[PDB]
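*Asks:* First the structure, which I've put down as structure tokens, then a few questions once you've had a look.
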Amino acid sequence: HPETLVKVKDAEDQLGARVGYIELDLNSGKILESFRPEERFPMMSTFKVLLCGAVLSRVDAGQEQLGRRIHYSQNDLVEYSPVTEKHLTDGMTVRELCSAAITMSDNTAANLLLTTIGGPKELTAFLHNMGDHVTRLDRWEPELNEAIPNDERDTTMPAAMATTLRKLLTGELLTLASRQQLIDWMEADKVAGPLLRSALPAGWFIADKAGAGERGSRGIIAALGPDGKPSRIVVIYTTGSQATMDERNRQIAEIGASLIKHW
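If you use the authors' numbering, the sequence shown corresponds to residues 26 to 51, 51A, 52 to 56, 58 to 238, 240 to 252, 254 to 290, in order.
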């Protein structure tokens, strides 16, 4: 609805930064509403959905096992590692690492799973192969959150990310039990409370993944819908604001509030 676009421009005014926004019909793939749909924004932790997508495609190709245990040491630990720092003695299975990377945005879990896959270049080749010629992962955690102005490394466009997410969740690229597993992880997200979830009505479904980075970067990708079923993808990104984490959170939740009010 255009009143949501009013709120997105208002958030650019409040945050003093660019907000990229898109709302996409899950079924038809119709773009319902957009703002800066084709400008690049840093992905930050929203790439972790795409990573566990590449991992699950390998698992469906018989190339990886979800029960496989990865043993890492204190030397692999980078900043923001809530879960992995606690399982240093015994390791973690691929399943647990994708659950930690999505549910808790654990950074070492993401780096560990990236090594599995063959690194940023191989996630980027996987994206290229599914029709996404825009999104690219270049660096590892934590360097990919740097968000240098105009740097194309580690960036997506709201429209490319929205379309890639729709394919991952409804296309024939992943097995249905794999699509469901990816959706389950996103729905168990523990660390996005003040963003769209704070605006969601009771009974609605949300599966999402947020991220933050340097230079005011904040964003979220989400499949949400009434009556416990998703029917829209929403992608929101910002970068460049000098506002507090709390002000960037508030603005994204108010954009959620109007998109929900005008559903």
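For each residue, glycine too, the CB sits at the ideal point set by N, CA and C.
Tell me whether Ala217 sits in a helix, a strand or coil according to DSSP, three-state version.
*Replies:* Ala217: coil per DSSP, three-state reduction.
*Asks:* For my contact list, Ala237 and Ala249 are in at a C-beta cut-off of 8 Å; report their separation, rounded to the angstrom.
*Replies:* The pair is not a contact, with the Cβ atoms about 20 Å apart (cut-off 8 Å).
*Asks:* Taking the straight line between their C-alpha atoms, what separation do you get for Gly143 and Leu49?
*Replies:* About 31 Å.
*Asks:* My output table needs one value for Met155: the three-state DSSP class, helix, strand or coil.
*Replies:* In this structure, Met155 counts as coil in the three-state DSSP scheme.
*Asks:* Considering only the beta carbon of each residue, do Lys234 and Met211 sit closer than 7 Å?
*Replies:* Yes, these two residues count as a Cβ contact at 7 Å.
*Asks:* Suppose you measure from the CA of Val108 to the CA of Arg94; what does that come to, to the nearest Å?
*Replies:* Cα-Cα distance, rounded: 15 Å.
*Asks:* Touching or not, the region 76-83 and the region 188-207, by the rule of three or more beta carbon pairs under 8 Å?
*Replies:* With the cut-off at 8 Å, the region 76-83 and the region 188-207 touch.
*Asks:* Considering only residues of the same chain and omitting the five flanking positions on each side of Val33, which have a CB-CB separation below 7 Å?
*Replies:* Closer than 7 Å at Cβ, skipping near neighbours: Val44, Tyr46, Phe60 and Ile282.
*Asks:* Cutting at 7 Å between CB atoms, please list the residues of its own chain near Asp214, excluding the five before and the five after it.
*Replies:* Around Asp214: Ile127, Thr128, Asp233 and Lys234.
*Asks:* Tell me, please, which residues DSSP counts as bridged to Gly236.
*Replies:* Note: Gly236 sits in a beta bridge opposite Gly245.
*Asks:* Can you grab the Cα-Cα spacing for the pair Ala185 / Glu63, in whole Å?
*Replies:* Their Cα atoms are separated by approximately 8 Å.
*Asks:* Whole angstroms are fine: how far does the CA of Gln39 sit from the CA of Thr118?
*Replies:* If I take the Cα positions, the gap works out to 43 Å.
*Asks:* Going by beta carbon distance, what residues of the same chain come within less than 8 Å of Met182, once the five residues before and after it are set aside?
*Replies:* Result list for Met182: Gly45, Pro62, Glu63, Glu64, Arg65, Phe66, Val159 and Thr160, in chain order.
*Asks:* Are the beta-carbon atoms of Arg164 and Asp176 separated by less than 7 Å?
*Replies:* Going by C-beta atoms, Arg164 is not nearer than 7 Å to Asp176.
*Asks:* Among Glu28, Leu56 and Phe72, which has the Cα closest to the Cα of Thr189?
*Replies:* It is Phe72 whose Cα lies nearest to the Cα of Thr189.
*Asks:* What is the DSSP secondary structure of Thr200, counted as helix, strand or coil?
*Replies:* Coil.
*Asks:* Could you tell me the distance, in whole angstroms, from the CA atom of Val216 to the CA atom of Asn154?
*Replies:* Their backbone Cα atoms lie some 31 Å apart in a straight line.
*Asks:* Taking Cβ positions, are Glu166 and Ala135 nearer each other than 7 Å?
*Replies:* Cβ atoms of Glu166 and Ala135: closer than 7 Å.
*Asks:* Measure the C-alpha to C-alpha separation of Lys288 and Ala42 and round it to an integer number of angstroms.
*Replies:* Distance between the alpha carbons of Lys288 and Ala42: 24 Å.
*Asks:* Using the DSSP secondary-structure output, state which residues sit across from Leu49 in a beta bridge.
*Replies:* According to DSSP, which records beta bridges pairwise, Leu49 is partnered with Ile55 and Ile260.
*Asks:* Which of helix, strand or coil does DSSP assign to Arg191?
*Replies:* In the structure shown, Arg191 sits in a helix (DSSP, three-state: H, G or I).
*Asks:* Could you check the C-alpha separation between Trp290 and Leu51 for me, to the nearest Å?
*Replies:* The straight-line gap from Cα to Cα measures roughly 14 Å.
*Asks:* Take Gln90 and list the residues in its own chain whose beta-carbon comes closer than 8 Å to its own, dropping the five residues that flank it on each side.
*Replies:* Once the five neighbours on either side are set aside, the close Cβ partners of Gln90 are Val84 and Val119.
*Asks:* Please classify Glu197 as buried or exposed, where buried requires at least 16 other C-beta atoms within 10 Å of its C-beta.
*Replies:* It is exposed - the Cβ of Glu197 has fewer than 16 other Cβ atoms within 10 Å.
*Asks:* Count the other CB atoms, across all protein chains shown, that sit within 10 Å of the CB of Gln205; report buried if there are 16 or more and exposed otherwise.
*Replies:* That one is exposed.
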